[PDB]
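Please read the structure below before turning to the comments.
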Amino acid sequence: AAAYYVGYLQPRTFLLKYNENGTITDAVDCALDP
Amino acid sequence: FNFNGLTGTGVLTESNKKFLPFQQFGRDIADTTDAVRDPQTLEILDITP
Ligand SMILES: *[C@@H]1O[C@H](CO)[C@@H](O)[C@H](O)[C@H]1NC(C)=O
């Protein structure tokens, strides 16, 4: 009938980007790749 | 000025920014306050040195 998902969080560093209105529209996960 | 306990000096001017309901202050790349919401008129002001 329905479905749901479950994922855990870890302490990491992220680089966010705010657009002209102040909304977050992109991000980068430092130390996820080289 | 003294906006909800925050003191400083500058020139206040009307702004065109739209704060979300849970936000009160705005900062720049230098970590300094440039915008504020008046706690009575609920309008947004710009701070300039
Ligand atoms: C974001 O700001 C621009 C101008 O800076 C405006 O044209 C646009 O409508 C704004 N976005 C929203 C969702 O209001």
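Going by the structure tokens order, chains are called A, B, ..., each with residues numbered from 1, while ligands are numbered from 1 in the order shown.
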
Next item on the list: Pick out the chain B residues within 9 Å of chain A. Count only C-alpha atoms. Give them as a PyMOL selection string.
Entry: chain B and resi 17-19

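Shortest separation to ligand 1 among B:33, B:2, B:7, B:16 occurs at residue B:16, atoms counted being only C-alpha atoms and all ligand atoms.
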
Next item on the list: Can you work out which one of A:18, A:10, A:32, A:3 has the shortest atom-to-atom distance to ligand 1, counting only C-alpha atoms and all ligand atoms?
Entry: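 Going through A:18, A:10, A:32, A:3 one by one, the smallest distance to ligand 1 is for A:18.
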
Next item on the list: To one decimal in Å, tell me the separation between CA of residue 12 (chain B) and CA of residue 35 (chain B).
Entry: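 Rounded to one decimal, the two atoms are 9.1 Å apart.
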
Next item on the list: Any chance you could list, as an NGL selection string, the residues in chain A that come up strand (DSSP E or B) when DSSP is run on the backbone?
Entry: :A and (14-18 or 24-29)

With N, CA and C atoms kept, could you save the residues just selected as an mmCIF file, in the first residue's frame?
data_model
loop_
_atom_site.group_PDB
_atom_site.id
_atom_site.type_symbol
_atom_site.label_atom_id
_atom_site.label_comp_id
_atom_site.auth_asym_id
_atom_site.auth_seq_id
_atom_site.Cartn_x
_atom_site.Cartn_y
_atom_site.Cartn_z
ATOM 1 N N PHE A 14 30.000 19.641 4.988
ATOM 2 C CA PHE A 14 29.258 19.864 3.720
ATOM 3 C C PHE A 14 29.439 21.317 3.271
ATOM 4 N N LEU A 15 29.452 21.546 1.956
ATOM 5 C CA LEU A 15 29.560 22.916 1.387
ATOM 6 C C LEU A 15 28.220 23.244 0.723
ATOM 7 N N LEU A 16 27.446 24.153 1.320
ATOM 8 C CA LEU A 16 26.131 24.508 0.810
ATOM 9 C C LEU A 16 26.220 25.747 -0.073
ATOM 10 N N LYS A 17 25.155 25.987 -0.835
ATOM 11 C CA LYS A 17 25.073 27.141 -1.723
ATOM 12 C C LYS A 17 23.702 27.781 -1.588
ATOM 13 N N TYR A 18 23.680 29.057 -1.212
ATOM 14 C CA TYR A 18 22.455 29.838 -1.123
ATOM 15 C C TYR A 18 22.287 30.653 -2.397
ATOM 16 N N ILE A 24 18.607 27.039 -0.269
ATOM 17 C CA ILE A 24 19.713 26.133 -0.557
ATOM 18 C C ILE A 24 19.371 25.346 -1.816
ATOM 19 N N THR A 25 20.244 25.424 -2.823
ATOM 20 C CA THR A 25 20.001 24.777 -4.104
ATOM 21 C C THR A 25 21.142 23.882 -4.572
ATOM 22 N N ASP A 26 22.130 23.598 -3.728
ATOM 23 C CA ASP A 26 23.210 22.693 -4.101
ATOM 24 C C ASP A 26 24.071 22.436 -2.874
ATOM 25 N N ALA A 27 24.821 21.336 -2.916
ATOM 26 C CA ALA A 27 25.677 20.965 -1.800
ATOM 27 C C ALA A 27 26.772 20.033 -2.295
ATOM 28 N N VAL A 28 27.845 19.946 -1.506
ATOM 29 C CA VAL A 28 29.019 19.081 -1.826
ATOM 30 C C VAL A 28 29.427 18.353 -0.543
ATOM 31 N N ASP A 29 29.627 17.038 -0.623
ATOM 32 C CA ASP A 29 30.027 16.238 0.564
ATOM 33 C C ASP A 29 31.552 16.084 0.572
#

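With distances taken over only C-alpha atoms and all ligand atoms, B:15 is the one residue among B:10, B:15, B:1, B:38 lying closest to ligand 1.
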
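Atom pair CA of residue 9 (chain B) / CA of residue 48 (chain B): separated by 8.4 Å.
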
Note to self: So, with only C-alpha atoms and all ligand atoms as the atoms that count, which of A:19, A:30, A:13, A:6 lies closest to ligand 1?
What the structure shows: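 Looking only at the distances to ligand 1, the closest residue turns out to be A:19.
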
Notebook entry, point to check: For the atom pair CA of residue 34 (chain B) and CA of residue 46 (chain B), what is the interatomic distance in Å to one decimal place?
Noted result: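 Atom-to-atom, CA of residue 34 (chain B) to CA of residue 46 (chain B), that is 5.8 Å.
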
Next item on the list: Find, counting only C-alpha atoms and all ligand atoms, the residue in B:6, B:20, B:36, B:47 that gets nearest to ligand 1.
Entry: B:20
